[PDB]
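The chain below stands alone and is given in structure tokens; this is the form deposited in one PDB entry.
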């Protein structure tokens, strides 16, 4: 539950994502661009149903409003990153006490989409879909390794807690055990 906001790697990690989501390349991000790239495009790649897609959009809107984003508001990287620092810090207090968080809520919405065979758990077969998120579809070996990093109790399947912990580790805390989650194309 400790952050590493001054690590050049955490800064670069978010700059990479900011640049990617910045559809028109102008160095300013809007909630509009974020919803298009982080919600519409992602749900399409995952073959989410309309209901799952709309739920995911609600979670993305809430999450990024938590970072200071809004429709029509162009925000530069330093302000965007400060939004992330503030949200991570406030959410980590809640996470520590099993209280509701925007990041877990987003995790819930994505988990439902990955959990296709309808089971409440994600198995290795289903985890393949995670590779569709980033631009580099993982090797089979890397798919297994990222699954292993998530599967903390080695049960052979993931629950929402396990997936969310890795997502939070990647984006909030720069958790070394979450490194590699998205492959080498996402630093």
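Here the rigid core means the biggest group of C-alpha atoms that line up within 1.5 Å when the two forms are laid on top of each other. Positions refer to the first chain, counted from 1.
As for the form deposited in another entry, it is not shown, yet the points below apply to it.
Asker: Quick check on residue 67: with the core superposed, does its CA move 2 angstroms or more between the shown form and the other one?
Answerer: Stays below the 2 Å threshold, so no.
Asker: Would residue 128 count as moving between the shown form and the other one, using a Cα shift of 2 angstroms or more after superposing the core as the test?
Answerer: Shift at residue 128: 2 Å or more after core fit.
Asker: Please check if residue 156 moves between the shown form and the other one, taking a CA shift of 2 Å or more relative to the superposed core as movement.
Answerer: Yes, shifts by 2 Å or more.
Asker: Residue 20 and residue 39: their C-alpha distance differs by 3 angstroms or more in that other deposited form. Do they come closer or move farther apart compared with the shown form?
Answerer: Relative to this form, farther apart in that other deposited form.
Asker: Would you mind telling me if residue 38 and residue 180 are closer or farther apart in that other deposited form than in the shown form, C-alpha to C-alpha, with a 3 Å or larger change?
Answerer: Compared with the shown chain, residue 38-residue 180 is farther in that other deposited form.
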